[PDB]
Amino acid sequence: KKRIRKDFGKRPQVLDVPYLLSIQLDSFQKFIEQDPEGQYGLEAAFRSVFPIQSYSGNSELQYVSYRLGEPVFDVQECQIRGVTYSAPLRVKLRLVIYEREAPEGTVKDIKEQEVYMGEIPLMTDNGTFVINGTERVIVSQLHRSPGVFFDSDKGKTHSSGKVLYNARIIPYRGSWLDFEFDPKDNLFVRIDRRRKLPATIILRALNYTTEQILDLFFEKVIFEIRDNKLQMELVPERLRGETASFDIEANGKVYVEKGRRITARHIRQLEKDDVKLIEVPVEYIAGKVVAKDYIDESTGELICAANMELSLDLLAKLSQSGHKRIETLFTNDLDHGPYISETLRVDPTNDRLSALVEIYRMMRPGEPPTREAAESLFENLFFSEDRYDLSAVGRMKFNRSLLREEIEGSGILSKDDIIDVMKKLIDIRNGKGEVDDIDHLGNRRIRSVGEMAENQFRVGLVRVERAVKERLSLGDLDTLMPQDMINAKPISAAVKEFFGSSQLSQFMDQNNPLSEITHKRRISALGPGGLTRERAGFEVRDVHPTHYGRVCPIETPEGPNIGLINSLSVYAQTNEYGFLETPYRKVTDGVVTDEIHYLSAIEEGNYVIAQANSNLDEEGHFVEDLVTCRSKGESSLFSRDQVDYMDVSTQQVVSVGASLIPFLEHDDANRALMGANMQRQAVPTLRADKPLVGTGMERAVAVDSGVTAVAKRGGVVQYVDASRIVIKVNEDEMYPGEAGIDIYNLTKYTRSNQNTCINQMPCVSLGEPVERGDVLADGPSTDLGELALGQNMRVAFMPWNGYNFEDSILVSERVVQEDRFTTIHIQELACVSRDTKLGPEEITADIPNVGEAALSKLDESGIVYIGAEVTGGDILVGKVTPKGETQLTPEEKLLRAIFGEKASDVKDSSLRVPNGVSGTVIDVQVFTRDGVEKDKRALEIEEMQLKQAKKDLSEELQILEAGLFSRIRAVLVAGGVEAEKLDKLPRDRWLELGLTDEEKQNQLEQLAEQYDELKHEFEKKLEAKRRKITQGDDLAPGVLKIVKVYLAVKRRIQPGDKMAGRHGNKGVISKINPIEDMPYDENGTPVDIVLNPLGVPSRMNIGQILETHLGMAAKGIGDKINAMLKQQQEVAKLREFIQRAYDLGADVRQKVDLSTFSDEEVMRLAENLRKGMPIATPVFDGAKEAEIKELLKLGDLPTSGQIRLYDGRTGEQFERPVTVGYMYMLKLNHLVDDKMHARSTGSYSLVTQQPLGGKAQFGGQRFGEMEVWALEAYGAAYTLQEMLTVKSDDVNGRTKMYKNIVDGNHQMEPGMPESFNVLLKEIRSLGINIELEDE
Amino acid sequence: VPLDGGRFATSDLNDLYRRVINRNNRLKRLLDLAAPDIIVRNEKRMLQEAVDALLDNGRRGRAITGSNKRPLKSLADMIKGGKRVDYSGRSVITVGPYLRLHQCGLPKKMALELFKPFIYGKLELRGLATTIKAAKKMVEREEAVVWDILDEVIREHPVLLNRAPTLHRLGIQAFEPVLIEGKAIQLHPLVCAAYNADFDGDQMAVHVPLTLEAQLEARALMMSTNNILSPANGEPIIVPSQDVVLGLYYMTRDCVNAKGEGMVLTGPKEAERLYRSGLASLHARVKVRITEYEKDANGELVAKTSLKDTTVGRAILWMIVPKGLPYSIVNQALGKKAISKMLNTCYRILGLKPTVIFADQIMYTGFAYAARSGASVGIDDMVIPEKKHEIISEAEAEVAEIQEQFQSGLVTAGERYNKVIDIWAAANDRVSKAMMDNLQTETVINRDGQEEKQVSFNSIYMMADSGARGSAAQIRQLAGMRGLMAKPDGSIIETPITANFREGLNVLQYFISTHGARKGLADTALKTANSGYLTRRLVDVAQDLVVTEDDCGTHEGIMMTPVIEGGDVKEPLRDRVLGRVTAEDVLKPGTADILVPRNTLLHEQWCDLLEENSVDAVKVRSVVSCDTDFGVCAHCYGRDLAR
Amino acid sequence: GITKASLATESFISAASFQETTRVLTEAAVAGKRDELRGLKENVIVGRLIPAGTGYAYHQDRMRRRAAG
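Residues numbered from 1 in each chain as written, not as in the entry; some residues may be left out. Chains lettered and ligands numbered in written order. Part of a larger assembly, values for the part shown. Heavy atoms only, no water. Residues with missing side-chain atoms left out of burial classes, pairs and counts.

**Let's talk about the overall build of chain C**
Tallying secondary structure elements over chain C gives five helices and zero strands in all. Helices (α) and strands (β) of chain C occur, in sequence order from the N terminus, as α-α-α-α-α. Taking the principal axes of its C-alpha atoms as reference, chain C extends roughly 35 × 25 × 25 Å. (Helix = DSSP H or I, 4+ residues; strand = E, 2+ residues; numbered from the N terminus.)

What follows is the structure in structure tokens.
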């Protein structure tokens, strides 16, 4: 159901765009219901254990189920009062004192009731955690992926330059375990990023001897002492790249003698003959390193220890002892370096006790290392679930790094896993395997909202674990008291500090619908457990090859956080394990199938991707033999049958913001990055019309977000209105016949986070059929499904007497008069009644020193009336604070005595509207304290809220009653047709009298149950709302009532407001410029805006010119349609023109015309096309220059873009033909009014007497060092002296100079500033003394 | 101090002083009762810890306390490592064509709030307000006549404007306050280049000179009229920007025929012919009576009437030129680089007042003529070359032959990418040269009999050949093609962007171009902060010395010569010696000529050319040498400033 | 270098601004130094007329005035 189309683009749809806010919704949806992942998996540290220090045998708490069970205050009421969208966290425990076998406590068991373990905040319908009234939005984290990875560290580390590789195991919840090399090839280890210690110490800590450690890494080489000589187990492959020091011979044949080197040919000769036994000298064995210990069996004396260097003397003792097997290490200087031997050489600890004590001293340096403390500390490092965890994902990722078979395993690391990581690191050091990449997407998980909340809850449970264990261990009473054991403060504060206090939970930038969707789909690399700012570097921030498909290259912002914060792609989606997947069409060797597969970061590199730019046949195979394709991280070529996969759509890459740009391909990437940032800040204008030169994706963007009210169940519209909309379901209702209907409330005239007027308006008319999933009621910055950030302006590219200077915009008076860029704001002014030691501040209308203007705006109580026009100076809420004493100077007492005293003991602190702004009061409010005298206006407003809500609920019940009675009467007229006899009965008679047997009477029983349910639900909802309305309203811990005043203002397009286009075309409005003196053509039509042409050529944003030229073609067909509509029907059913308009796009592909339909139905679509024809140029496969030239025809226009225009003031024609068109501009945020400050004199700070405000005036402008350098350069000593002392921070100098300025003397009369004098006192406060001598 | 509704806000020094007082009091009590050696010594160490923490925490451990996890701010921390000022404000910038050089559009509400005390004093002095409180009530309720009093207050009272990124001395500049009905601060287009300011939502701050000497300092030193020339280089800082230069470029450009002919006139009378149609504008080599004016030796002015073959635009633009100067030949050239040179020569010959009025006249005439021209940027302006596909196919054929050679050994496969990059770079030069040669000349026209050529009036080419933000590389990227794109690793890609901005761009090439845009923005962010980091070290070291002791003796100095890269590259630059004091009579081919301490003037520097190319070495006094004690000699320094 | 040259200076208050304040103030407290203010940076923090441009003559008059004692 749509009365507007517009069509363009060549390539097919294939796969439609998914839910835009799927990642935000699905992540939080996981953390709630499912087992071993979300909420249940969050309590993995409190599923089995919680053993109370081995007291009463063992014992436990044991979690068993939970559930939330509805809300408390709801989302709408949580916006008004300062309270989050909360939901009570119940959880049934079961305290038991069951041991293993016999004695102590004997199987009690309670099955205790559920306890309130804090309160976790729930997500709204469209992804938003409401906290204390504010909207809020939790952005996704892009941290480093858990598991293990070998870092490069290549280049100049410490001069010379020689690789220095290193391994590093990153845990999910535990301590880090690094493993790095040095210049001398020594293996170190870093426990939780600490001081370096020998890697063999960790092996000793896991109960491994020096001989056992030697047999793990290096290969042994046995030597035999027989027949008074030295033999050796020769291995041919081991002698590759080594010089022969002795005569290598076997079986009476000298293969390689002693001198020259051993080549690969000698290895083939040795391997062919099968030589595994040859004689060797004493000097050759001296070079090797002995593996195990060797004691002399004759005397019992130890001849050298493990890992010691051999010698001529040592080998003589070993031969004399009578040992038949001399175990030694082989090694080399290429593929098998002696790293573990060198690490053992510089290792102090020789056993498990010394290793654990050394590790205990390194970790916790202070207390003396004991037996239990040293073992338990090492045990709680990488061998315990409470103090170490790789999760289900990191262990799977660790297995892939080590080349394992299975992907499942334990959380904590084993003894074999550490040795395997060290073995792979040793292989990577030599020449086996390659290094990993940090910038690649394979080692970068997407930690969303669900993971962070469960992680914070895991920390909160760890806090309560020590309290529960200590209390249960000490106490041993027969009574349970399990609900009172676990406190609510620890769990609630853990969740509350993360949700609306910690980083990542930023304010929801809801200027427009695109800003909310872009904010929800954002992904930052910094925050809790990741990057920051000072680190970061060139890598990571730069756009990697794996980003193509996952994230947008252009959408990342400027400044300090450029590269760290990247937006998610359109077709992208988060994987199950944590990685970022991306869709791709399956091509089964030649023919491209209709199926789609989500390829991971690592998985995508293996297969051969293919671009969507290459055209295909009618159905199946490709056109060209060789086309463009991506494979192995490079954009090479391939054969026709070689391609495995294909691109899903043309806009697979890039974000939703970049996709909204019309001619994105024609614009530069630098300007496109600015153009993405230019959007979102586009404020919601009054009556937002649909954009002419569109993309097509804007239709999905508005419907994706919760701004526009989409139809849940399709049917027919019953009652349409500004207040609400009600649609009868009609076609296929629910299972049980419990009435049709579908009430849509639709919020209207509400303030946003950026002070923007958020409202909803009914697009669909009364008595109109509508299908499921369509825009019933539109929202702010939209036009019946299609999004609209601004309004279309008749632009003109030409110079205009220095008005459009360095990217300045020259507007027209017709734009301001029509109210095209008129922004409606909604400010909220507060007025808190405080309570001092002297007395309590009361809100009253009897304010001291006030005339007739008080009672004009304010009421009898002292609050402004709803709908009164206010200005900068008028009082909104009257209030006075008690303050006696005074004293009063002699002149003031005599002055008061002359004109009546009236010196009351009370000051004034009424909530007045700020000087400058002005508007109308929309809605007042009053949050009264619990146990205080309620005001007359407060009771009147509360009575209005109670009456309106009760009438709304009563009318809501009446709407359901009309549908329910119609549904019952429809069912009742099939079997027992009363017909004209019916429709003259009461209410009670209608309920009675049912049908016969079969499916009729049984359905009517459930209808009566649903009718009685609605009757009971009306009283329950009314009683709940009545209790909530007339509640205590407990505010903050200050005192007394408070009064909020929502006043709306309407600002016009003043000269200075920052207005910009869609292709990074930044601008500022210069002057007003009347319609009489503006650029006009042969006809009477003038120009809406006049932009400078010099800006288009400097920055490569040529797509803006394409948007202007195509906009003229879009407007041209609209003028032709308006010409047909005006002066009667004329043609009457002119479908051939509209069919030719839709069809004629170079006769390419992808279009539909009015084949079906009828008269009047076409007139609905034709009336919408009067303003503009509208176009949908996608992004990559957009409208070409030839198609735009074709679009220039039909509606009658110059096939070029140029057009001769008269001046307006003079009336003469311009020399060159100027480029006129329709550019889709938009009024951005910031603007004038807010960005405009001035201050002569105001308040000052207590610490240092320097200009500051906010309460009444604004704070003074800062000079700084850069300004002082310019003042010193020019030689303005008096200007710098006045700015430093008297103008800024001189106590006596400011008042003296101000008195001189009032008298007309000027001068200065300066002195020593308070900033310097405080430094003198601060320096003198210490032991040093500073004194200013005279001369 | 008590905050809002209880909850006091105390400093960390109160906690440190209380801890030191408590430990010292316990130590005093310990030295009185039973005195154990362990207890008394430990309390003394605790008193040392409290006293050390109070003076300066910093190093050893850091004493926490006071709930918060962060350390307490000690006395040393308070003074270890931005001066807010009253009578100031800020607002969004805007263009103001009608304003003069020494003028800036200040808002009515902002100027009223800024000059509060002056308005109160001026009101009470004349009459109207009986007292100061009455003037405050009269000023609060803006009652018409107060605005008239505000006009008198800011008549000859300079307001100091200022930008955010204050690099040089020209960042802060003063101007006469002009009242404007609006909420945005207007500014002069000529002085926008000095501040490095654009109209993309940039805001500037204003400051009012309260003191009498401060107002004189703003007028004499900090004024925009005084700051004509740059401090770094002798050339003009407030030269005509994009819009004005494009209009002056349009005012030249001699197009043959097209309502041309040699219809003679006398200067000012040609303006009547231009406004009344008939004749075109940049038509032909039309003759006209040019009344020139020159001076020599004894100063004065000497007239010189003559019939020079100029254009209608050059004849009309000649009225804007001052009394002095060469005349005709300045306007006869064009508007691009010589537009700034004409202003520099006018400033050197005439003075400050004549050059300032000429700058305002050139800005007004440039803006008006640029409006009358109507130069646009259509789709057909950037005309692509016909031999782009042919050159790309030929370059791809050469690269295919090189790849085919590498397949069968022959050439060095290790360095084949460098030679292939040279082939693509040569193809990029061929596409750039073909696009430039076609877009530069072009055209046909009808010179009397019809059949001729001159230069393409194609908007972008006119913008490119007249400053106006239009380089050769940007124009090459638009119509021609983007060259060798940079990769993330550092190396260049072997397949450059064959397509351009005029044509369609593929997803692969745009993805590759995103790395250049991301790296360009990131490097610009780093280099911007790094420039200020280097400037802080330069300022900290240098900002003690000043020119003092009038002018000391000392002849010795650096022998100034032309920076010769001509040994094996052809590159000369003999503009170093200008406004520099001579060491001592620095010879001449014969005798005499140069004086002892004579500063090389602008005209006297031209006299060095009269001594031929042989004299390319002159000893000059510099700031490196000089026999001054604690400063610098005024002669040894030079002159190069705005003055 | 520029950093090495800027490190050495006569006035302690000027050195206390840019460089490490704890080291400069402690060293200047040991030996009884005194900033006879001729510098620009040291005079700016005190809040007086800078010895350059519109000043200079005021500083030169005060410098000559401090020759008596």
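**Brief notes about the interface of chain C and chain B**
Listed as interface residues are seven residues of chain C and, on the opposing side, five residues of chain B. Elements supplying a minimum of two residues to the side of chain C that touches chain B: α1 (2-7) and α2 (12-18) of chain C. Considered class by class, the residues forming the side of chain C that touches chain B number three nonpolar, four polar and no charged. (Contact = heavy atoms within 4.5 Å. Nonpolar A, V, L, I, M, F, W, Y, C, P; charged D, E, K, R; others polar.)

**A word on the sheet that holds strand β35 (residues 769-770) of chain A**
The four strands lie next to each other as β31-β30-β29-β35 (chain A), forming an open sheet whose pairing is antiparallel. Unpaired on one side and paired on the other, β31 (743-744) and β35 of chain A mark the two borders of the sheet. (Pairing = 2+ DSSP bridges.)

**Points about the interface of chain A and chain B**
Taken together, the 62 residues of chain A in the interface contact 54 residues of chain B. It is helix α34 (residues 1264-1274) of chain A that provides the largest number of residues to the side of chain A that touches chain B, a total of six residues. Residues that form the side of chain A that touches chain B fall into these classes: 32 nonpolar, 19 polar and 11 charged. As judged from the four bridges shared by strand β52 (residues 1236-1239) of chain A and strand β2 (residues 88-95) of chain B, these two strands associate in the antiparallel manner. Bridging from a neighbouring strand, A:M1236 pairs with B:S91 of β2(B).

**Description of the packing of helix α10 (residues 242-251) of chain B against helix α15 (residues 352-373) of chain B**
Residues and elements named next belong to chain B. At their nearest, the axes of α10 and α15 sit 7 Å apart, and the two run at 65° to each other. In terms of orientation, α10 lies roughly perpendicular with respect to α15. Considering only the axes of α10 and α15, their crossing is left-handed. For the pair α10 and α15, the contacting residues are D243, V244, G247 and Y250 in the first and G366, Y369, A370 and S373 in the second. Tallied by class, residues from the contact of α10 with α15 come to four nonpolar, three polar and one charged. (Axes fitted to C-alpha atoms, helices over the stretch in contact; angles between N-to-C directions. Parallel < 35°, antiparallel > 145°, perpendicular 65-115°, else oblique. Left-handed = near helix turned anticlockwise from the far one by under 90°.)

**Section: the sheet that holds strand β19 (residues 565-567) of chain A**
All names here are of chain A. Judged by pairing direction, the sheet is mixed, and its three strands sit side by side in the order β2-β18-β19 without closing on themselves. Both outer strands of the open sheet, β2 (140-141) and β19, are each paired with one neighbouring strand and no more. As defined by bridge partners, strand β18 (residues 522-524) adjoins β19 across three bridges and the pair is classed as antiparallel. Paired with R522 across the two strands is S567, which belongs to β19.

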